[PDB]
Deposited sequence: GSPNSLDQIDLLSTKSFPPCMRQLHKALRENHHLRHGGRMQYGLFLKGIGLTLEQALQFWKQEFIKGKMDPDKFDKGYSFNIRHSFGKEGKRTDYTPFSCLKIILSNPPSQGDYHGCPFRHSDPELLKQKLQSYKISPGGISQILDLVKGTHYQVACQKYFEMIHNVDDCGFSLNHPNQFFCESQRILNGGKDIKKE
């Protein structure tokens, strides 16, 4: 059942995925663009997404620069990266729904405006995971996943 990963997406998914997850639950559907981003991200974590959707243990996953550059999202479309594609004022609100302190939120917000999205994600990661220095140069959402899974089951 798709819902089995609610908490997993909260805790360890990137913003770009966690949104697609939230979306899928709430609209019981996804357009093309967002089926491939979240579907192949799931693949990347050893899990399959199939249609009334379900997940089961088991095609190149999407990179933060494939997401950031190609195919920006129309309305209805819930795919793309929120550091880049989200409008800032709403971005502050999403960061706010995630219980991220204003300090971080500010810092991040500076990075977005610097067009430093991946470093912003990086900052975020530090914040949800409570680490001062994350330790890895981020370029792929599957890397966000395992770099998170490490801290959690650590």
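> Where does the model have holes with respect to the deposited sequence?
Replying inline: Coordinates drop out over 1-4, 56-78, 86-94, 191-197.
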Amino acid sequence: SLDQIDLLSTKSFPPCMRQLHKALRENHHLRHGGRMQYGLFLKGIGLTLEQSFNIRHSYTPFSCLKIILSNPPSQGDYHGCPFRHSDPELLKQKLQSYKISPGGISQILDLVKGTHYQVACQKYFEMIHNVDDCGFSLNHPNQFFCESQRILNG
From here on, numbers count along this sequence of modelled residues.
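> For the C-alpha atoms alone, is the average B factor greater in 39-47 or in 24-32, going by the entry?
Replying inline: Between 39-47 and 24-32, it is 24-32 that shows the higher mean C-alpha B-factor.
> Hey, out of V131, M17, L138, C146, whose CA B-factor is highest in the deposited coordinates?
Replying inline: The C-alpha B-factor peaks, among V131, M17, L138, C146, at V131.
> In terms of the CA temperature factor given in the entry, to which third of its chain does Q118 belong: lowest, middle or highest?
Replying inline: It falls in the bottom third of the chain.
> Taking the C-alpha B-factors as the PDB entry records them, is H57 in the lowest, middle or highest third of its chain?
Replying inline: Answer is highest: the recorded C-alpha B-factor places it there.
> Once the chain's modelled residues are ordered by C-alpha B factor and cut into thirds, is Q93 in the lowest, middle or highest one?
Replying inline: Middle third - that is where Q93 ends up once the chain's C-alpha B-factors are sorted.
> What third of the chain, by the recorded C-alpha B-factor, contains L65?
Replying inline: Middle third.
> In terms of the chain's CA B-factor thirds, is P102 lowest, middle or highest?
Replying inline: Tercile = highest for this residue's CA B-factor.
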